[PDB]
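Order of appearance sets the numbers: ligands from 1, and atoms from 1 within every ligand. We name chains A, B, ... by the order of the sequence lines, and we start the count at 1 in each one.
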2 protein chains.
Amino acid sequence: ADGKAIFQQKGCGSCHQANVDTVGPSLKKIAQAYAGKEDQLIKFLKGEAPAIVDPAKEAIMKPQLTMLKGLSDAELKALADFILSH
Amino acid sequence: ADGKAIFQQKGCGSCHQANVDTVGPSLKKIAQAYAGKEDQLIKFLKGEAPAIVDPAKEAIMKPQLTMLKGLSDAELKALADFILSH
Ligand code: HEC
Ligand code: HEC
């Protein structure tokens, strides 16, 4: 699986730039928060774990997770590993 | 159906403020573009009609439409009529 392609095509980049906080936190910031926590990042992406980066705006991000409900666990992992690479 | 509640809960407001263009066009701008074109706005929301407001960023908005695939046509109309009210 291609985490970069999934990220692109689900429209995530609109709120998540690599190195700058905008509507959502940067990928760099998310990657740092979830360093060594890949399993938890996958859980988050499933709606299974709490926001740990910007809880003030948790409810804004939550609905975006609905996009990901067609992905396998391997694809979710690939998406997580793309995020973590930043 | 409650178009305002649908808008809120699908997370649309993150990119669409009432009166200011941000990541996406303002609701006011969209409402003006689709004045007298409710049917076309509903088609757009279904993935059925082209972007007429900001075609440069059509591909950014498109994936957001996937959220709306659980809505009835009446609910899509309510969402359209909430947008149009601006
Ligand atoms: C409409 C803007 C928007 C879009 C589009 C968006 N996000 Fe977010 N995202 C946010 C906001 C706001 C936050 C901060 C709230 C939070 O931390 O949960 C956030 C936070 C996150 C976080 C950190 C969660 C945490 O632990 O705090 C991850 C991971 C994430 N988004 C992934 C994604 C992915 C993957 C996509 C594409 C499926 C996506 N986002 C699309 C707005 C967006
Ligand atoms: C990640 C930011 C983002 C989110 C969240 C978002 N949009 Fe958009 N939207 C855009 C962008 C960028 C445009 C400009 C491209 C375009 O006009 O299609 C746009 C344009 C539109 C338009 C005008 C389409 C046209 O004819 O040009 C409508 C209607 C719209 N969005 C409705 C919605 C609704 C309803 C939701 C919630 C289900 C939503 N948007 C969520 C970014 C977003």
Side-chain angles (χ1 to χ4, degrees), chain A residues 3-4 6-17 21-27 29-34 37-38 40-71 75-76 78-80 82-84 86, chain B residues 3-4 6-17 21-27 29-34 37-38 40-71 75-76 78-80 82-84 86:
Chain A
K4 184 178 165 178
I6 296 166
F7 186 93
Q8 318 191 98
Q9 290 174 17
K10 304 299 188 191
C12 307
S14 57
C15 299
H16 294 289
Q17 292 162 26
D21 295 341
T22 60
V23 173
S26 74
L27 299 180
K29 178 172 277 183
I30 298 164
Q32 286 279 349
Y34 281 95
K37 299 182 170 57
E38 176 132 54
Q40 193 177 324
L41 181 51
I42 294 162
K43 284 182 75 101
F44 174 79
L45 293 169
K46 290 181 76 110
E48 271 177 20
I52 62 172
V53 184
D54 186 9
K57 308 201 153 163
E58 186 163 8
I60 295 174
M61 172 55 208
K62 180 168 59 178
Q64 296 297 320
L65 298 178
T66 71
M67 294 195 175
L68 305 180
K69 301 291 194 210
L71 299 183
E75 289 171 323
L76 290 163
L79 176 58
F82 172 71
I83 295 166
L84 289 161
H86 292 82
Chain B
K4 184 178 165 178
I6 296 166
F7 186 93
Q8 318 191 98
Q9 290 174 17
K10 304 299 188 191
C12 307
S14 57
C15 299
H16 294 289
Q17 292 162 26
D21 295 341
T22 60
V23 173
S26 74
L27 299 180
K29 178 172 277 183
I30 298 164
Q32 286 279 349
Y34 281 95
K37 299 182 170 57
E38 176 132 54
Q40 193 177 324
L41 181 51
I42 294 162
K43 284 182 75 101
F44 174 79
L45 293 169
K46 290 181 76 110
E48 271 177 20
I52 62 172
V53 184
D54 186 9
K57 308 201 153 163
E58 186 163 8
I60 295 174
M61 172 55 208
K62 180 168 59 178
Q64 296 297 320
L65 298 178
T66 71
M67 294 195 175
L68 305 180
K69 301 291 194 210
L71 299 183
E75 289 171 323
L76 290 163
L79 176 58
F82 172 71
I83 295 166
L84 289 161
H86 292 82

Considering all heavy atoms, the nearest [X]-[Y] contact:
{"X": "B/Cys15", "Y": "A/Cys15", "result": "SG-SG, 4.3 Å"}
{"X": "B/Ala33", "Y": "B/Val53", "result": "CB-CG2, 3.8 Å"}
{"X": "B/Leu27", "Y": "B/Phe82", "result": "CD1-CE2, 4.3 Å"}
{"X": "B/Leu71", "Y": "B/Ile6", "result": "CD1-CG2, 3.8 Å"}
{"X": "A/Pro63", "Y": "A/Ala59", "result": "CD-O, 3.1 Å"}

Shortest protein contact, [atom] (heavy atom only):
{"atom": "atom 24 (C) of ligand 2", "answer": "B/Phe44 CZ, 3.3 Å"}
{"atom": "atom 5 (C) of ligand 1", "answer": "A/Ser14 OG, 3.3 Å"}
{"atom": "atom 18 (O) of ligand 2", "answer": "B/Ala51 CB, 3.4 Å"}
{"atom": "atom 27 (O) of ligand 1", "answer": "A/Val53 N, 2.9 Å"}
{"atom": "atom 17 (O) of ligand 1", "answer": "A/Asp54 N, 3.2 Å"}

Side chain to side chain contact (heavy atoms under 4.5 Å, CB included) assessment of B/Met61 paired with B/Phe44: CA-CA 11 Å; B/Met61 172 55 208; B/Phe44 174 79; 4.0 Å; yes

task: Could you tell me whether some N/O pair between B/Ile60 and ligand 2 is separated by less than 3.5 angstrom?
output: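 Min N/O separation from ligand 2 is not below 3.5 Å for B/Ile60.
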
message: I'd like to know whether ligand 2 has B/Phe7 as a neighbour, heavy-atom separation below 4.0 Å.
response: no

message: Would B/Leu41 count as a contact residue for ligand 2, given that I'm defining contact as a non-hydrogen atom of the residue lying under 4.0 Å from a ligand atom?
response: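 For ligand 2, residue contact (heavy atoms, under 4.0 Å) with B/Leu41 is present.
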
- request: Applying side chain to side chain contact (heavy atoms under 4.5 Å, CB included), name anything that partners B/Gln32, two or more places apart in sequence or on another chain.
  value: none

Atom indices of ligand 2 within 4.0 angstrom of [X] heavy atoms, with elements:
{"X": "B/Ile30", "value": "22 (C), 28 (C), 29 (C)"}
{"X": "B/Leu68", "value": "38 (C)"}
{"X": "B/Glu58", "value": "15 (C), 18 (O)"}

task: Report the C-alpha distance between A/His16 and A/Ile30 in whole Å, list the side-chain angles of each, state the deciding distance to 0.1 Å, and finish with yes or no for side chain to side chain contact (heavy atoms under 4.5 Å, CB included).
output: CA-CA 9 Å; A/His16 294 289; A/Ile30 298 164; 3.7 Å; yes

message: So, taking the atom named NZ in B/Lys10 and the one named CG in B/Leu79, what distance separates them when rounded to the nearest 0.5 Å?
response: 10.0 Å

Indicate yes or no for a side-chain donor-acceptor contact from [X] to the backbone of [Y] under 3.5 Å, with no hydrogens or angles considered.
{"X": "A/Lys46", "Y": "A/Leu41", "value": "no"}
{"X": "B/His86", "Y": "B/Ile83", "value": "yes"}
{"X": "A/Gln17", "Y": "A/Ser26", "value": "no"}

query: For ligand 2, does A/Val23 get within less than 4.0 Å through its side chain, its backbone, both, or neither, judged by non-hydrogen atoms?
result: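 It is neither; nothing of A/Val23 touches ligand 2.
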
- request: May I ask you to determine how many protein N/O/S atoms are under 2.8 Å from atom 8 (Fe) of ligand 1?
  value: 2

message: So, regarding A/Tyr34 and ligand 1 (criterion: nitrogen or oxygen to nitrogen or oxygen, under 3.5 Å), is there a contact or not?
response: yes

Close approach, A/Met67 and ligand 1, non-hydrogen under 4.0 angstrom: no

task: Could you please spell out the steps behind the side-chain hydrogen bond (donor to acceptor under 3.5 Å, both in side chains) verdict for B/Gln40 and B/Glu48?
output: CA-CA 8 Å; B/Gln40 193 177 324; B/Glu48 271 177 20; over 6 Å; no

query: How does A/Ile52 reach ligand 1, by side chain, by backbone, by both or by neither, if only non-hydrogen atoms under 4.0 Å count?
result: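 The answer is both, backbone and side chain.
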
